[PDB]
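Chemist: please find the sequence and an experimentally derived structure below.
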Amino acid sequence: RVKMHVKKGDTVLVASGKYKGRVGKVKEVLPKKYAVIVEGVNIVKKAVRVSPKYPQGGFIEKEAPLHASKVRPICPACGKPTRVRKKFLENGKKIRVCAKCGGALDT
RNA sequence: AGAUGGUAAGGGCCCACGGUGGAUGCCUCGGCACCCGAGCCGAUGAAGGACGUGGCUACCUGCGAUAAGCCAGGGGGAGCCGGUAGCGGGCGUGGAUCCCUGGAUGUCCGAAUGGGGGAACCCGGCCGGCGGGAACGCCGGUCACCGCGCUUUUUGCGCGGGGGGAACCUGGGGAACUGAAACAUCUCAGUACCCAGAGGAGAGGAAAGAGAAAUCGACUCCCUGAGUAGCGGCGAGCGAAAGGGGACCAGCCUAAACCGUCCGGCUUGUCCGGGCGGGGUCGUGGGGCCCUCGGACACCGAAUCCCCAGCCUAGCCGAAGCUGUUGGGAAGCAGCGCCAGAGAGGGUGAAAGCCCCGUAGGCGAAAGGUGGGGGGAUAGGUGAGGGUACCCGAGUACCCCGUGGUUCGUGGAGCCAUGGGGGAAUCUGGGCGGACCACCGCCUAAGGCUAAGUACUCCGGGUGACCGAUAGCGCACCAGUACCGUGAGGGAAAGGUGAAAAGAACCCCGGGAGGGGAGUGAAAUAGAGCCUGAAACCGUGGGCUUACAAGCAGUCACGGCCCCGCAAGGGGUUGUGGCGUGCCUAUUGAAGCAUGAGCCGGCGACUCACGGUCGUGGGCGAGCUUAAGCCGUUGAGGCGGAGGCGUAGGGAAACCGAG
RNA sequence: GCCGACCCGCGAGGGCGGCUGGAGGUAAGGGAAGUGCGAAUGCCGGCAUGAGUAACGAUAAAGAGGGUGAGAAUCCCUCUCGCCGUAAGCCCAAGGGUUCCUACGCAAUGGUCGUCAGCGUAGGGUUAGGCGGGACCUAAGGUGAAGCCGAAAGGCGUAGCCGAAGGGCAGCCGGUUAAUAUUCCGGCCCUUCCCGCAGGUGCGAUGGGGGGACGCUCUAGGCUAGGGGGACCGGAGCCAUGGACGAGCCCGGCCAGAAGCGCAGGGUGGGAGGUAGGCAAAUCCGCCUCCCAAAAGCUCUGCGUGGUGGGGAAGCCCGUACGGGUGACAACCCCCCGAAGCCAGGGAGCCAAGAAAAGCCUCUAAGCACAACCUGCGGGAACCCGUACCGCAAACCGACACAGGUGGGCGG
């Protein structure tokens, strides 16, 4: 209950510490623990030579987690938080003046 | 022959490097206190457990043959199938999780309720259904006893009944320690606990009162009155009400008189009893009955009837920022800027009003729940007089006896309450004004109901000159768990990798265990019950010293050895010698062959409330100050003279009065 | 937190700097207190000391070989000795809960060990018409409509009901898995309830009686459980070292079983009449009179036997395991010994005077009389809880593989 952040599954840059100012994609909200997984923390893992799936060379990964509350919106600009207008019918959380919500697909 | 430094099995002393071990500091899904809101759960089967329940599943948690969930209503917008990772396979913008509501399933146990019983298992009567289904078996209904009201007694129909409860509340039972420095009488106390029951309150409740004034006007609550007045082996000590100021304000239903009516009987009779109805309610007393004035269109009108706003059971929008920069990390630092009905705070690799949640501000109910805030209705209430002589609460007042409560322990003992015995009256009847009598007042007994103001915290929300893992709830955590006892009962330990799992692939010795590199990142001296790592504590290396040596173990001086220091100084050490009866408690007095302590860490003891009392810091000054409460605030104060202290004392008292 | 030989304070402290560490800290001026520990045979915690010493559970005992494996005194295969043998062997309930069995495993748990194991891990295993128990009965006892009483809470408590290893009540032999087997398999024996066929009866009660049915001691005859000897039965072997093929040594030489057959014993006298007991309902028993008999019948049991299913050893072979074979066409006979057990309610004696209720036998009420009931044969149905594993001990009561204790049966 009340798990609402403001990080949509879309595309959004990073105003962080490590990968400050970094371009990241759909981010994949995971989950309620308040974390992201965009295209930032690309680390290698220390798994074993798991004879089938991790063949004879176990020492690899892909995209590693990272916290949510560090990434920020995008439109005809960059960041600038999203603001919601009730559109009478549906929703419209365009960007700080410079428009476009995010849900898209005839939104 | 003579002379004199020197070896260390091992010991001590120092520094350094470690190990056990946990202290500390700091953090905090816990707890704490109070304020405020809230306040009933059950036979429609509860509080509370048991067996289960998931595809792989011990616990938890949630739930129940429909078992981590079922259908509809609202919400809401991107994730979802729980903590607990994985296998595995689904969920959705033909809008899933989840929060709010209504109901569905709700096996077995607990008032347990067909019967039995050692709670959770074993039998059964009737009504019906499933198997070929009568023999065996399953399933839905129903089946205990209490009260009370109708039924033709009959069989029945019916509303209700039990168990629970954090604390408070009423009533029935009701100690002891302890105090009186003894101990009965008195205390503690009518307290603890036992029992009964009622409820958000309880209880209480309209005067047979108060109390002395032709004075007031249910009940509970606070303060004041007041440690006053009395009670008392006049000791312990216990300790009233009235008045005042405030909080809250509310008043009522019946019986008897008379009238009717249906029932019962009976010595039919202008009737003894009864069901129901009309009737009537009092303090200049009212009411009955007949007559007298005219009694009315109105006048009031809820505690009950209903409707709605407000209130909750989820949520929703929501003001303002960047570029460089040291650092693994910025919110830090610099430059320029913005918001504010919002500079509360939390987190975000650190310290942010403008990154994320959120604050101020504004909004929200299809279904449930709540509602005098206010509108409507409804039950019911409204008069002046005369006669009459009817009623006005009975085994009661009243008397006595044995007594409980009251300030009253037997007092001169009232009053209230009443266990035994006697034993009334109906407004010239009657209780009380503290023996009792006169009087004069006061109040109308022996039928019942009444909100609010007060109390209490299982519960939720807010706050803090409240604790930070020995403190705190016993429990921060898988705690009413382990384990201890048959038993009632007792009651532990136990937090913290990092910002993030990135929680260590590969080689190497090794059965493994555990290590040596790699590799991880800021940090691996953060390496997995791992932050920070005191001491006792046992090791390791090294610097000084000790194998002719008598000791509360050190102190002063002198000596050498080693390490520092530019000098002069200094540290570490101990060869010699001068000296030298451990610490505490208690004692006239002890090192004590008097007591207490193995060693280190953490806990651990003169407080507080009211009154009193000497001063002392101020303000006022023959004046000083308010308690309860009310208003305001969101750490904002302010009204509020009721009272207490003071202006005069003397005497037991009347009273006198600077005497 | 660690360190210090600097500075300041009379001191308690404070500053200082170095190292360590990683996000909190709070002056001057005031204020608030659970505030300053060395002791309390003080509370919790941790680590020494004795001391590498006491002890390492019965003095019944241990020796080798081979394997296993990183490792064997301590696990496993063999040989060797020794200690029990009214036990320390074998059951039974009680109790405890997975210890059992199989595969893998040793960090802890066994007073060392550890390749073992009651320890760890997953997997397996616990069958019932008949054994025990419940839809049967009661005991002493508890509860408990009614009755009574008590301030209450509660006490006694008739009927009723629960309540036992006591009653009664239907299953015995051998096989078989890794483990349960009176459960499953097979040879057989019988019980339960429904439907029908056939015969027969007045049926039929929770109500009446009969019965069950009972004490201690001595003890009867017969039978067996168990036990011994045999020239004889069957067989795989064996002559040693001085003798010997002797009736030589060694092995075993059965179990269950309906009808029927034989042996013993227990229960009981048949018939008639009347009855104002059984809290009348009676033909039933009690009872008063008669006839007959005392054998014997009737009857329940116990034994032996029986058609038949089943068993079967020493030795040796392989097999580590468990055992698979061997094991034979197997032998399965005779003389003796003799139960405390069986025939049960047997005989005798004694004084202490020796349960109750249902099954069952039985009489009728109410009522039914198509029914119901009894028998017989057939054909259908017969459930719910138990069993693994330890049980004179290491799994049970004693905090522990304690030398303690724990009722009964076999016990050569």
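Modeler: Done, it's in. Numbers count the residues shown, from 1 in each chain, chains lettered A, B, ... in the order given.
Chemist: show me what contacts residue A:18?
Modeler: A:40, A:41 (CB atoms under 8 Å, 6 or more residues apart in numbering). Backbone N, C-alpha and C define where each C-beta goes, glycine included.
Chemist: that one sits in which helix or strand?
Modeler: Counting by DSSP states H and E, no helix or strand carries residue A:18.
Chemist: how near is it to residue A:81?
Modeler: As judged by CB to CB, to the nearest Å, residue A:18 and residue A:81 stand 22 Å apart.
Chemist: find the closest residue to RNA strand B in chain A.
Modeler: residue A:17 (2.5 Å; CB to the nearest atom of the strand).
Chemist: please report phi then psi for that residue.
Modeler: phi -130, psi -50 (degrees, to the nearest 10).
Chemist: skipping its backbone neighbours, what lies nearest it in space?
Modeler: residue A:70 (7.9 Å; CB to CB, 6 or more residues apart in numbering).
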